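coords_10.txt, holding compact mmCIF, N, CA and C atoms:
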# COMPACT_ATOMS: atom_id res chain seq x y z
N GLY A 1 97.11 112.63 111.34
CA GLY A 1 98.18 113.60 111.52
C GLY A 1 97.99 114.80 110.59
N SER A 2 97.32 115.81 111.12
CA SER A 2 97.06 117.02 110.35
C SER A 2 96.30 118.03 111.21
N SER A 3 95.34 117.52 111.96
CA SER A 3 94.53 118.36 112.82
C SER A 3 94.25 117.64 114.14
N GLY A 4 93.67 116.45 114.02
CA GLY A 4 93.34 115.66 115.19
C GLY A 4 91.88 115.87 115.60
N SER A 5 91.10 114.81 115.47
CA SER A 5 89.69 114.87 115.82
C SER A 5 89.07 113.47 115.75
N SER A 6 89.07 112.81 116.90
CA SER A 6 88.52 111.47 116.98
C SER A 6 86.99 111.52 116.84
N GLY A 7 86.50 110.88 115.79
CA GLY A 7 85.07 110.85 115.53
C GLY A 7 84.72 111.67 114.28
N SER A 8 83.68 111.23 113.60
CA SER A 8 83.23 111.91 112.40
C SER A 8 82.03 112.81 112.72
N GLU A 9 81.62 113.57 111.72
CA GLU A 9 80.49 114.47 111.88
C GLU A 9 79.19 113.68 112.00
N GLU A 10 78.97 113.14 113.19
CA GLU A 10 77.78 112.36 113.45
C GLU A 10 77.59 111.30 112.37
N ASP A 11 78.06 110.10 112.67
CA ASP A 11 77.95 108.99 111.73
C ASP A 11 76.51 108.49 111.71
N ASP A 12 76.08 108.08 110.53
CA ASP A 12 74.73 107.57 110.36
C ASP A 12 74.78 106.09 109.99
N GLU A 13 73.62 105.54 109.70
CA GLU A 13 73.52 104.13 109.33
C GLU A 13 74.01 103.93 107.89
N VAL A 14 73.92 105.00 107.11
CA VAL A 14 74.34 104.95 105.72
C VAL A 14 75.87 104.94 105.66
N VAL A 15 76.47 105.83 106.45
CA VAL A 15 77.92 105.94 106.49
C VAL A 15 78.50 104.64 107.06
N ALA A 16 78.06 104.31 108.27
CA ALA A 16 78.53 103.10 108.93
C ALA A 16 78.61 101.97 107.91
N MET A 17 77.68 101.99 106.97
CA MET A 17 77.64 100.97 105.93
C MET A 17 78.82 101.11 104.97
N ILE A 18 78.89 102.27 104.34
CA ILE A 18 79.96 102.55 103.39
C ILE A 18 81.31 102.26 104.06
N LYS A 19 81.46 102.79 105.27
CA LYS A 19 82.69 102.60 106.02
C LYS A 19 83.09 101.12 105.96
N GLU A 20 82.15 100.27 106.32
CA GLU A 20 82.39 98.84 106.31
C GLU A 20 82.96 98.40 104.96
N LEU A 21 82.13 98.55 103.93
CA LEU A 21 82.53 98.18 102.59
C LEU A 21 83.86 98.85 102.25
N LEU A 22 84.15 99.92 102.98
CA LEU A 22 85.38 100.67 102.78
C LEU A 22 86.51 100.00 103.55
N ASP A 23 86.14 99.37 104.66
CA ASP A 23 87.11 98.68 105.50
C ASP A 23 87.25 97.24 105.03
N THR A 24 86.13 96.67 104.59
CA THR A 24 86.12 95.30 104.12
C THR A 24 87.40 94.99 103.34
N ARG A 25 87.35 95.25 102.04
CA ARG A 25 88.49 95.01 101.18
C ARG A 25 88.67 96.17 100.20
N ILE A 26 88.50 97.38 100.72
CA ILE A 26 88.64 98.57 99.91
C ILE A 26 89.85 99.37 100.40
N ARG A 27 89.81 99.71 101.68
CA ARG A 27 90.89 100.48 102.28
C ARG A 27 92.13 99.60 102.45
N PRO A 28 91.90 98.39 103.03
CA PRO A 28 92.99 97.45 103.26
C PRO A 28 93.42 96.78 101.95
N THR A 29 92.69 97.11 100.89
CA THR A 29 92.99 96.55 99.58
C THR A 29 93.85 97.52 98.77
N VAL A 30 93.43 98.78 98.78
CA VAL A 30 94.15 99.81 98.05
C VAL A 30 95.63 99.75 98.42
N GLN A 31 95.89 99.84 99.72
CA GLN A 31 97.25 99.80 100.22
C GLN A 31 98.06 98.73 99.48
N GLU A 32 97.50 97.53 99.44
CA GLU A 32 98.15 96.42 98.77
C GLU A 32 98.62 96.85 97.37
N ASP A 33 97.78 97.63 96.71
CA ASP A 33 98.10 98.11 95.38
C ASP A 33 99.11 99.26 95.49
N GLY A 34 98.65 100.35 96.08
CA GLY A 34 99.49 101.52 96.25
C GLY A 34 98.64 102.79 96.44
N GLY A 35 98.23 103.01 97.68
CA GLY A 35 97.41 104.17 98.00
C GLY A 35 96.61 103.93 99.28
N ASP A 36 96.12 105.03 99.84
CA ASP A 36 95.33 104.96 101.06
C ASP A 36 94.00 105.67 100.84
N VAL A 37 92.94 104.88 100.80
CA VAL A 37 91.60 105.42 100.60
C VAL A 37 90.99 105.78 101.96
N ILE A 38 90.64 107.04 102.10
CA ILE A 38 90.05 107.52 103.34
C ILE A 38 88.77 108.31 103.02
N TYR A 39 87.64 107.69 103.33
CA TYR A 39 86.36 108.32 103.08
C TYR A 39 86.09 109.45 104.09
N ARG A 40 86.25 110.67 103.61
CA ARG A 40 86.03 111.83 104.46
C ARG A 40 85.05 112.80 103.79
N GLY A 41 83.78 112.62 104.11
CA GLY A 41 82.73 113.47 103.55
C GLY A 41 81.90 112.70 102.52
N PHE A 42 80.60 112.90 102.60
CA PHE A 42 79.68 112.24 101.68
C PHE A 42 78.53 113.16 101.30
N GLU A 43 78.48 113.50 100.02
CA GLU A 43 77.44 114.37 99.51
C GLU A 43 77.06 113.97 98.09
N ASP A 44 75.81 114.26 97.74
CA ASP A 44 75.31 113.94 96.41
C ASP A 44 75.79 112.54 96.01
N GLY A 45 76.01 111.71 97.03
CA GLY A 45 76.47 110.35 96.80
C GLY A 45 78.00 110.30 96.67
N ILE A 46 78.53 111.28 95.95
CA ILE A 46 79.96 111.36 95.73
C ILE A 46 80.68 111.27 97.08
N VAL A 47 81.18 110.08 97.37
CA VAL A 47 81.89 109.86 98.62
C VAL A 47 83.29 110.47 98.53
N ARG A 48 83.53 111.44 99.40
CA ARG A 48 84.82 112.11 99.43
C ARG A 48 85.90 111.18 99.98
N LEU A 49 86.79 110.77 99.09
CA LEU A 49 87.87 109.88 99.47
C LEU A 49 89.21 110.53 99.14
N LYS A 50 90.18 110.33 100.03
CA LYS A 50 91.50 110.90 99.84
C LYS A 50 92.48 109.78 99.50
N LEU A 51 92.32 109.23 98.30
CA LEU A 51 93.18 108.16 97.84
C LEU A 51 94.26 108.73 96.92
N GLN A 52 95.34 107.97 96.78
CA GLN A 52 96.44 108.39 95.94
C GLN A 52 97.28 107.18 95.52
N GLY A 53 97.39 106.99 94.22
CA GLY A 53 98.16 105.88 93.68
C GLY A 53 98.96 106.31 92.45
N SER A 54 100.23 105.93 92.45
CA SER A 54 101.11 106.27 91.35
C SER A 54 101.20 105.10 90.37
N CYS A 55 101.38 103.91 90.93
CA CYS A 55 101.48 102.71 90.12
C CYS A 55 100.13 102.48 89.43
N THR A 56 100.08 102.88 88.16
CA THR A 56 98.86 102.73 87.38
C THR A 56 98.65 101.26 87.00
N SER A 57 99.76 100.53 86.98
CA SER A 57 99.71 99.12 86.63
C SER A 57 98.74 98.90 85.47
N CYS A 58 99.00 99.59 84.37
CA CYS A 58 98.16 99.48 83.20
C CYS A 58 96.79 100.06 83.53
N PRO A 59 96.15 100.66 82.49
CA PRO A 59 94.84 101.26 82.66
C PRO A 59 93.75 100.18 82.75
N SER A 60 93.78 99.27 81.79
CA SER A 60 92.80 98.19 81.76
C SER A 60 92.55 97.67 83.17
N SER A 61 93.64 97.31 83.84
CA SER A 61 93.55 96.80 85.20
C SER A 61 92.84 97.81 86.09
N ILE A 62 93.23 99.07 85.93
CA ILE A 62 92.64 100.14 86.72
C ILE A 62 91.14 100.24 86.40
N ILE A 63 90.85 100.42 85.12
CA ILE A 63 89.48 100.53 84.68
C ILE A 63 88.75 99.22 84.96
N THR A 64 89.53 98.20 85.29
CA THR A 64 88.97 96.89 85.58
C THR A 64 88.70 96.75 87.08
N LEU A 65 89.72 97.07 87.86
CA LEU A 65 89.60 96.98 89.31
C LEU A 65 89.22 98.35 89.87
N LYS A 66 90.10 99.31 89.65
CA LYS A 66 89.87 100.67 90.13
C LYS A 66 88.39 101.03 89.92
N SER A 67 88.00 101.07 88.65
CA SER A 67 86.63 101.40 88.31
C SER A 67 85.68 100.34 88.87
N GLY A 68 86.07 99.09 88.70
CA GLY A 68 85.27 97.98 89.18
C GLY A 68 84.82 98.22 90.63
N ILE A 69 85.74 98.76 91.41
CA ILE A 69 85.46 99.04 92.81
C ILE A 69 84.33 100.06 92.91
N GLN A 70 84.57 101.22 92.32
CA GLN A 70 83.59 102.29 92.33
C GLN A 70 82.18 101.71 92.14
N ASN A 71 82.11 100.68 91.31
CA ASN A 71 80.84 100.03 91.03
C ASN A 71 80.38 99.27 92.27
N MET A 72 81.27 98.45 92.79
CA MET A 72 80.97 97.66 93.98
C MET A 72 80.24 98.50 95.02
N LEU A 73 80.80 99.67 95.29
CA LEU A 73 80.22 100.58 96.27
C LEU A 73 78.75 100.83 95.91
N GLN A 74 78.56 101.50 94.78
CA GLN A 74 77.22 101.81 94.31
C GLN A 74 76.35 100.56 94.33
N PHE A 75 76.87 99.50 93.74
CA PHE A 75 76.15 98.24 93.68
C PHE A 75 75.56 97.88 95.05
N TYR A 76 76.44 97.84 96.04
CA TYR A 76 76.01 97.51 97.40
C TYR A 76 75.23 98.67 98.02
N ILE A 77 75.86 99.84 98.02
CA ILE A 77 75.24 101.02 98.58
C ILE A 77 74.65 101.87 97.45
N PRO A 78 73.30 101.89 97.39
CA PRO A 78 72.61 102.65 96.36
C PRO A 78 72.65 104.15 96.67
N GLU A 79 73.25 104.47 97.81
CA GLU A 79 73.36 105.86 98.23
C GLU A 79 74.41 106.58 97.39
N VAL A 80 75.66 106.20 97.59
CA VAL A 80 76.76 106.80 96.86
C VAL A 80 76.42 106.83 95.37
N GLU A 81 77.07 107.74 94.67
CA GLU A 81 76.85 107.88 93.24
C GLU A 81 78.18 107.81 92.48
N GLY A 82 79.16 108.55 93.01
CA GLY A 82 80.47 108.58 92.40
C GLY A 82 81.57 108.68 93.46
N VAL A 83 82.80 108.83 92.99
CA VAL A 83 83.93 108.94 93.89
C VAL A 83 84.78 110.15 93.49
N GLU A 84 85.58 110.61 94.44
CA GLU A 84 86.44 111.76 94.20
C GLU A 84 87.69 111.67 95.08
N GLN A 85 88.76 112.30 94.60
CA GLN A 85 90.02 112.30 95.32
C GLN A 85 90.18 113.61 96.10
N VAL A 86 89.66 113.61 97.31
CA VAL A 86 89.74 114.79 98.16
C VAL A 86 91.19 115.01 98.58
N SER A 87 91.60 116.27 98.54
CA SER A 87 92.96 116.63 98.91
C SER A 87 93.95 115.97 97.95
N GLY A 88 94.36 116.73 96.95
CA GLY A 88 95.30 116.23 95.96
C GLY A 88 96.06 117.38 95.30
N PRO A 89 97.07 117.00 94.47
CA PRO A 89 97.88 117.98 93.77
C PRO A 89 97.10 118.60 92.60
N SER A 90 96.96 119.91 92.66
CA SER A 90 96.24 120.63 91.61
C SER A 90 96.18 122.12 91.96
N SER A 91 96.83 122.92 91.12
CA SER A 91 96.85 124.35 91.32
C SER A 91 96.12 125.06 90.18
N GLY A 92 96.63 124.84 88.97
CA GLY A 92 96.04 125.45 87.79
C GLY A 92 95.14 124.45 87.06
Entire entry expressed as structure tokens:
Amino acid sequence: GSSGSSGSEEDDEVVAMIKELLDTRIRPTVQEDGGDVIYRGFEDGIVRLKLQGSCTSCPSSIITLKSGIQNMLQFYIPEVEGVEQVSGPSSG
């Protein structure tokens, strides 16, 4: 709900992969916590994700799971390098 466009910019075997690991227990997992991770765009490894979570539920946990996840991706997919929050609050 914003523009409308079924299908991505020509999905590859690399993406199809990330997507999975993203669908596995990443996207359906975040929600459980508090946020919606949507991988939209992939460059320099940095997978463009539009996630958003308010409930920090302590940092340790975040740096434990939150960060832990970022690792999982790289671990499995040697392609990606980092993560980013595409589309977020930030003016100055």
Close residues, residue 33 (chain A) itself excluded, 8 Å, only N, CA and C atoms, min 2 positions apart in chain, as a list in words: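 Once the adjacent positions are removed, what remains is residues 28, 29, 30, 31, 35, 36, 53, 54 and 55 of chain A.
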I need the chosen residues saved as a CSV table (one decimal), in the coordinates of the input, with N, CA and C atoms.
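result17.csv written:
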chain,number,residue,atom,x,y,z
A,28,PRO,N,91.9,98.4,103.0
A,28,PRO,CA,93.0,97.4,103.3
A,28,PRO,C,93.4,96.8,102.0
A,29,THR,N,92.7,97.1,100.9
A,29,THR,CA,93.0,96.6,99.6
A,29,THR,C,93.8,97.5,98.8
A,30,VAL,N,93.4,98.8,98.8
A,30,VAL,CA,94.2,99.8,98.0
A,30,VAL,C,95.6,99.8,98.4
A,31,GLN,N,95.9,99.8,99.7
A,31,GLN,CA,97.2,99.8,100.2
A,31,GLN,C,98.1,98.7,99.5
A,35,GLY,N,98.2,103.0,97.7
A,35,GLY,CA,97.4,104.2,98.0
A,35,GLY,C,96.6,103.9,99.3
A,36,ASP,N,96.1,105.0,99.8
A,36,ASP,CA,95.3,105.0,101.1
A,36,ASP,C,94.0,105.7,100.8
A,53,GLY,N,97.4,107.0,94.2
A,53,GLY,CA,98.2,105.9,93.7
A,53,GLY,C,99.0,106.3,92.4
A,54,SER,N,100.2,105.9,92.4
A,54,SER,CA,101.1,106.3,91.4
A,54,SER,C,101.2,105.1,90.4
A,55,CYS,N,101.4,103.9,90.9
A,55,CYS,CA,101.5,102.7,90.1
A,55,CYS,C,100.1,102.5,89.4
Which polymer residues have any atom within 7 Å of an atom of residue 18 (chain A), counting all atoms listed in the file, with same-chain residues fewer than 5 positions away left out, as a ChimeraX atom specification? /A:13,23,77
Within 6 Å of residue 50 (chain A) using all atoms listed in the file, minus same-chain residues under 2 positions, as a short mmCIF file (atom, residue, chain, number, x, y, z; two decimals) with N, CA and C atoms, in the frame of the given file:
data_model
loop_
_atom_site.label_atom_id
_atom_site.label_comp_id
_atom_site.auth_asym_id
_atom_site.auth_seq_id
_atom_site.Cartn_x
_atom_site.Cartn_y
_atom_site.Cartn_z
N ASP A 36 96.12 105.03 99.84
CA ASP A 36 95.33 104.96 101.06
C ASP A 36 94.00 105.67 100.84
N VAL A 37 92.94 104.88 100.80
CA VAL A 37 91.60 105.42 100.60
C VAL A 37 90.99 105.78 101.96
N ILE A 38 90.64 107.04 102.10
CA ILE A 38 90.05 107.52 103.34
C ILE A 38 88.77 108.31 103.02
N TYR A 39 87.64 107.69 103.33
CA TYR A 39 86.36 108.32 103.08
C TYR A 39 86.09 109.45 104.09
N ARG A 40 86.25 110.67 103.61
CA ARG A 40 86.03 111.83 104.46
C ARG A 40 85.05 112.80 103.79
N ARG A 48 83.53 111.44 99.40
CA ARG A 48 84.82 112.11 99.43
C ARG A 48 85.90 111.18 99.98
N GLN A 52 95.34 107.97 96.78
CA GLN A 52 96.44 108.39 95.94
C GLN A 52 97.28 107.18 95.52
N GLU A 84 85.58 110.61 94.44
CA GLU A 84 86.44 111.76 94.20
C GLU A 84 87.69 111.67 95.08
N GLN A 85 88.76 112.30 94.60
CA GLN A 85 90.02 112.30 95.32
C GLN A 85 90.18 113.61 96.10
N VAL A 86 89.66 113.61 97.31
CA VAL A 86 89.74 114.79 98.16
C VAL A 86 91.19 115.01 98.58
N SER A 87 91.60 116.27 98.54
CA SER A 87 92.96 116.63 98.91
C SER A 87 93.95 115.97 97.95
#
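If you look at CA of residue 17 (chain A) and atom N of residue 67 (chain A), they are 20.1 Å away from each other.
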In Å to one decimal, how far is CA of residue 5 (chain A) from atom C of residue 82 (chain A)? 24.6 Å
Pull out region 10-42 of chain A, keep C-alpha atoms, and write it as a compact mmCIF listing (two decimals), in the first residue's frame.
# COMPACT_ATOMS: atom_id res chain seq x y z
CA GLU A 10 14.11 -9.25 -11.69
CA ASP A 11 14.73 -11.64 -8.82
CA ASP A 12 17.91 -13.69 -8.91
CA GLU A 13 19.12 -16.86 -7.24
CA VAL A 14 20.90 -14.77 -4.63
CA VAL A 15 17.79 -12.80 -3.72
CA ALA A 16 15.47 -15.79 -3.80
CA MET A 17 17.84 -17.12 -1.17
CA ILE A 18 17.87 -14.11 1.13
CA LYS A 19 14.12 -13.83 0.71
CA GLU A 20 13.76 -17.34 2.08
CA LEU A 21 15.97 -16.77 5.10
CA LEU A 22 13.96 -13.57 5.33
CA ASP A 23 10.69 -15.47 5.25
CA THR A 24 11.96 -18.41 7.26
CA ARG A 25 12.02 -16.93 10.74
CA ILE A 26 13.10 -13.36 10.08
CA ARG A 27 10.07 -11.54 8.72
CA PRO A 28 7.53 -13.71 10.54
CA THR A 29 9.79 -13.42 13.57
CA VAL A 30 10.24 -9.67 13.76
CA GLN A 31 6.49 -9.17 13.88
CA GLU A 32 6.38 -11.38 16.96
CA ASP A 33 8.77 -8.91 18.55
CA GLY A 34 7.52 -5.64 17.09
CA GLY A 35 8.26 -4.61 13.53
CA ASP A 36 7.96 -5.58 9.88
CA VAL A 37 11.13 -6.43 8.00
CA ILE A 38 10.78 -5.97 4.26
CA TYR A 39 13.83 -6.56 2.10
CA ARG A 40 13.57 -3.99 -0.67
CA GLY A 41 16.83 -3.52 -2.55
CA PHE A 42 20.21 -5.19 -2.28
